[PDB]
Amino acid sequence: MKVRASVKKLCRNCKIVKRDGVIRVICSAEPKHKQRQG
Amino acid sequence: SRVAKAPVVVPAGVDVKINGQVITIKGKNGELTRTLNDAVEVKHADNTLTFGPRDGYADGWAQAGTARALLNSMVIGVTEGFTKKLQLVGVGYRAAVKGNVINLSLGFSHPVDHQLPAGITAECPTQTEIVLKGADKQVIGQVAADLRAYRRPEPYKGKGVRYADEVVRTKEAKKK
Amino acid sequence: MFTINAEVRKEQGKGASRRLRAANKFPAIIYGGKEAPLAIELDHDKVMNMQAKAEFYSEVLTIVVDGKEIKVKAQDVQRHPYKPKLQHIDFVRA
Amino acid sequence: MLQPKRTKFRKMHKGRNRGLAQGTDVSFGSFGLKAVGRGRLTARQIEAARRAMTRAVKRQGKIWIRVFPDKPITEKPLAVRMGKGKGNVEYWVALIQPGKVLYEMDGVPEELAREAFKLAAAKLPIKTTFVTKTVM
Amino acid sequence: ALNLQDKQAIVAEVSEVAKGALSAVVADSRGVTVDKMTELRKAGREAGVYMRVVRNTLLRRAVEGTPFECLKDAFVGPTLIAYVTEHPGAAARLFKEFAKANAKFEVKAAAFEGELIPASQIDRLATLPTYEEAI
Amino acid sequence: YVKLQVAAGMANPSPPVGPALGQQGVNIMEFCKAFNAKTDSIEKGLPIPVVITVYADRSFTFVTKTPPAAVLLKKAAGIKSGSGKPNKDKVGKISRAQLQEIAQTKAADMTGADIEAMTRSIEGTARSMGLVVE
RNA sequence: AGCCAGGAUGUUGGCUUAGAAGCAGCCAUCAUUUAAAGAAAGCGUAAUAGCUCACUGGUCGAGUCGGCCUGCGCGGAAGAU
RNA sequence: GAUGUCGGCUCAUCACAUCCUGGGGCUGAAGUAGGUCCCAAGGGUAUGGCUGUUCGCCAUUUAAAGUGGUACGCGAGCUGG
Ligand SMILES: [Mg+2]
Ligand SMILES: [Mg+2]
Ligand SMILES: [Mg+2]
Ligand SMILES: [Mg+2]
Ligand SMILES: [Mg+2]
Ligand SMILES: [Mg+2]
Ligand SMILES: [Mg+2]
Ligand SMILES: [Mg+2]
Ligand SMILES: [Mg+2]
Ligand SMILES: [Zn+2]
């Protein structure tokens, strides 16, 4: 999981999702692309 | 919205009981009961089920959409039924059913025993295959996740409890 | 043919102009010829969309000031320092 | 790194940085990077931004730098008390008012100019906007 | 992205060749590789046939000008046209061997004499010989 | 099922065909002499392509194809090796009569309907190898 | 948007390399059968294979896409009795 | 018209920017062992050689030998290098 102030889509398979008031990047193709704003 | 506006066809021999926000859908395969959100207004009429937002409720269409999707798979439930298929991969990994309990050999010191809930039923066509059957799409999905949880597919050989339809990406170990 | 709708200005100066811009409008002037200059007010969004078309600065425009039609040409434009907005337009009578 | 070749005087009063900019239009290129905020750009910041946009366009096209760091900025070293003269000149800045076209570019497609300008914007202490040239 | 200027142009090309040709075959071309296609596009130009995959909305428009205004109900599912310009027949036989040899698709409906030919009675234009047989 | 290019009068060495076709399940001596018995008509010093179709019983059937487009453009222009940077460095020259000579042989493998269609397909193989039409 | 089908030929483009066959690099980037298919957006192979995208035909049946001027919010946000 | 200074002893108390132990994501994570990030302050967190030293270097331990605040905590509590 990457925790940073600036979360972005990294590839086409990346998806931005707001779970529990926290912007997140979920990705089907690369687990390295997993992000949490914080 | 597009989901909510789409009506759910209630077939022959399927009973729909609607006491306010409580819906009981009875068929050949079983009896499922659900409580809809107060923003959903469910109308019976003919051989269909129609969903729509309730006045003064902000997320009405989002709520009716969910209600629709649920009641559809409730009907498909008490009629056709749902099937989840799991397959055990790895030397020594075996499974067997003894009534309402799935016995599992998954590489631990102690053998795993999993108590199935009301409605979910399992059968083992092989020592390495588990087939689950039930009416509640949520419960069957839960049980299959819990059984997978014991030994999740490892990324280096694919060993562990996997879903039949599951694509298990593997990888090479560090070079040197 | 670009058609612009305008009102004559009831007020002049810093105060009145800033007030216009606050109301999604802007001042502009029509000068040239024997006729005395005419201080007018324009809808911001309308003239902003027009001026985006290159042809606006080359073509002969028609300004409808209380029924009367005025054939003009865009002389000079005062733009907002950093926003995509218009502050003032000079229209010369053609 | 930009800096005046000579100066009438070494040091300059702090002054103030009030008002709106002069040089608010793309005057040489097709595209520009315009200042939306107020502040000081240092010669090092200007260079960092210029390098970033130059890499971006793979040295194709032409770049103009509409700003010049001509204000000397003095600094008093550590463990030095107040007074005893004005500090020594350490670096050079260009005062920026909102509206200033900072850089200009031509000879490259809009999509690339927009990229190159996003990359340079990241190195600057003030908020910027992309601007295109206009007919009057 | 097909523009209307380009949609009208495709309607025009297939409207022109509609009048000119004699017999036409409307068929499915699903699950067949381009290797087998470039093969049926070779033996198609040889037999004096015009091969085209045309959008079914676009085809219902370039066939409204008749005599194929019974090929309407054949513009449901993927459609390829075999317009036989030089000598009637050729394709109605070229396709029948391609259908049996590849097992994929079924061949929809054929058109000749300005009359409807169903999926069962395509044996009429498949047994016909040459022009060029009467002598 | 593998695609290879073997010489007109040569098929046997270990570095090009050896462990390339022999790893699947094809006889190294049965194919090497049956291929050269049919490619005896094909001129000396011309790479000719051959496609292999193998079954579950280790058996094989091959259909010989016409020489490649980048292969026939080297003998017509008078070059052993092409250009390292095509359309930047010129290595030879081929006339409009030589272009139609490569296409009239390649007609069995070409997708084109007309002579002009097969000619333009060889025009592209020439530009992307450094050769200029003169 | 989803789902069904294709995503080809010359050709394994040329150079290089034990091999480079769209997929280490470097250079060019046309042409054909075309409904459409980059001399190929990424993963995979010792190199091939094999999987998918750009693009296009079918199904569906009414909306859908993302820039601009703006109001109010969200994350960015760790300290000692 | 006086708020005793460094270090040690004794005795502590808080923060968490966590040293160990606990949970957990990614890894260029096969295992063992690491790297990095998130959650977590409940408890635990060396003895010596040299030097007034705090520090530091060194020896040998340990699961670990945390980082800081408390008048750089603590002389109407001790010491006085
Ligand atoms: Mg949670
Ligand atoms: Mg005032
Ligand atoms: Mg006193
Ligand atoms: Mg913390
Ligand atoms: Mg780090
Ligand atoms: Mg503690
Ligand atoms: Mg240790
Ligand atoms: Mg103290
Ligand atoms: Mg005392
Ligand atoms: Zn991703």
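To match Swiss-Prot, the residue numbers of chain F are left as they are there, and the shown ones run 8-141.
Technique stated in the header: X-ray crystallography, 3.0 Å.
From the backbone N, Cα and C atoms, a Cβ is placed for every residue, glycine too.
Swiss-Prot has this to say about the protein:
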- F:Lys40: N6,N6,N6-trimethyllysine (MOD_RES)
- F:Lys72: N6-succinyllysine (MOD_RES)
- F:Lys81: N6-succinyllysine (MOD_RES)
Discussion item. Tell me the Cα distance separating F:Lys81 (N6-succinyllysine) from F:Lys72 (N6-succinyllysine), rounded to the nearest angstrom.
Written reply: 18
Discussion item. Quiz question: given the modified residues F:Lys40, F:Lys81, which has the greatest number of C-beta atoms lying within 10 angstroms of its own C-beta?
Written reply: F:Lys81
Worksheet item: Does DSSP give F:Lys72 (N6-succinyllysine) helix, strand or coil?
Response: coil
Response to the item:
Per the under 8 Å Cβ criterion, the modified residues F:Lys40, F:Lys72, F:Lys81 that neighbour chain A are none
Worksheet item: Taking just the CA atoms, what is the gap between the residue listed as 'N6,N6,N6-trimethyllysine' and F:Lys81 (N6-succinyllysine) in Å?
Response: 27
Worksheet, complete the sentence: Simplified to three states, DSSP reports F:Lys40 (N6,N6,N6-trimethyllysine) as helix
Practice prompt. For F:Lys81 (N6-succinyllysine), name the DSSP secondary structure in the helix/strand/coil scheme.
Written response: helix
